[PDB]
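S.K.:
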Amino acid sequence: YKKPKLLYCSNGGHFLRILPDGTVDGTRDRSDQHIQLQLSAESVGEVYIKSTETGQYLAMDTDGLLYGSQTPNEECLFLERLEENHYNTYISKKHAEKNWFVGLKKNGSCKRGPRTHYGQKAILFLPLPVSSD
């Protein structure tokens, strides 16, 4: 798909990637096959991140492991907001007690569950918007 928001994870510095099977990870370059993830707003803050083309819903599960659902469901339902100087943050509206964040492990893979929070850069995502969607 026509590449939208190049969500650079602030830890290590990979772009957020979502793979055919459903899973999610870090790829160092926006040029990758599968970085076309778009935030489908539920409302004035809350969003479902979908693979534009292949359709998988970027989801955080019951421990807090990151994956891709078939459907938009609360695991995929992120409260968005900008924290650092134009750096976005997708907080699980399901896990809204602990308030987990879909960050990446240094190497370029998903960071799981229940200490993803306001301390590491890992939670911060810098979008480079290529397409205006």
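Take the sequence shown: its position 110, counting from 1, is numbered 1032 in the numbering used here, and each next residue is one higher.
Note that CB positions come from ideal geometry on N, CA and C, so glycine has one too.
Can you tell me which of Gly986, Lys972 and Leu1004 puts its alpha carbon nearest to the alpha carbon of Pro942?
M.R.: In the sequence shown, the residue the question calls residue 942 occupies position 20. For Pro942, the nearest C-alpha among the options comes from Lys972.
S.K.: Counting pairs of beta carbons, one from the region 1008 to 1023 and one from the region 980 to 999, are three or more of them closer than 8 Å?
M.R.: Short answer: they touch.
S.K.: Would you tell me roughly how many angstroms separate the C-alpha atoms of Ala1018 and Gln955, rounded to the nearest one?
M.R.: On the sequence shown, position 96 is the one that residue 1018 refers to. On the sequence shown, position 33 is the one that residue 955 refers to. Taking the straight line joining both Cα atoms gives about 32 Å.
S.K.: For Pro1049, which residues does DSSP report across the bridge?
M.R.: Locating residue 1049 in the sequence shown gives position 127, counting from the first residue. Paired residue(s): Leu929.
S.K.: What's the C-alpha gap between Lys1020 and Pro1036?
M.R.: Counting from one through the sequence shown, the residue named residue 1020 turns up at place 98. Counting from one through the sequence shown, the residue named residue 1036 turns up at place 114. Between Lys1020 and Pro1036, the C-alpha separation is close to 7 Å.
S.K.: Quick one: grab the DSSP three-state call for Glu996.
M.R.: As a position in the sequence shown, residue 996 is number 74, starting the count at 1. Looking at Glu996 - three-state DSSP - the assignment turns out to be helix.
S.K.: Cutting at 7 Å between CB atoms, please list the residues of its own chain near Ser1053, excluding the five before and the five after it.
M.R.: As a first step, residue 1053 is located in the sequence shown; it is residue number 131 there, counting from the start. Excluding sequence neighbours, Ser1053 sits near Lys924, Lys925 and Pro926.
S.K.: So, using beta-carbon positions, are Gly1030 and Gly934 closer together than 8 Å?
M.R.: Counting from one through the sequence shown, the residue named residue 1030 turns up at place 108. Counting from one through the sequence shown, the residue named residue 934 turns up at place 12. Result yes, Cβ atoms of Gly1030 and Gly934 sit closer than 8 Å.
S.K.: Terminal residues of the continuous beta strand (DSSP E) containing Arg1037?
M.R.: Working through the sequence shown from its first residue, we reach residue 1037 at position 115. No beta strand (DSSP E) contains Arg1037, which DSSP labels as neither H nor E.
S.K.: Per DSSP, which one or two residues make a beta bridge with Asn1010?
M.R.: Position 88 of the sequence shown, counted from the start, is the residue given in the question as residue 1010. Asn1010 pairs with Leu1004 and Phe1047.
S.K.: In the DSSP assignment, the beta strand (DSSP E) including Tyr989 goes from what residue to what residue?
M.R.: For this step, residue 989 is matched to residue 67 along the sequence shown. First-last of the beta strand (DSSP E) with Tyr989: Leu988 to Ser991.
S.K.: Which whole-angstrom value is the C-beta distance of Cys931 and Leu1026, which I expect to be below 8 Å?
M.R.: Against the sequence shown, residue 931 aligns to sequence position 9. Against the sequence shown, residue 1026 aligns to sequence position 104. Contact holds; Cβ gap of about 4 Å.
S.K.: Could you check if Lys1028 is buried or exposed, using at least 16 other CB atoms within 10 Å of its CB as the buried criterion?
M.R.: As a first step, residue 1028 is located in the sequence shown; it is residue number 106 there, counting from the start. It counts as exposed.
S.K.: So, for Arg952: in the same chain, excluding its five sequence neighbours on each side, which residues have a beta-carbon less than 6 Å away from its beta-carbon?
M.R.: Here residue 952 refers to the residue found at position 30 of the sequence shown. Excluding sequence neighbours, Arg952 sits near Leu928 and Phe937.
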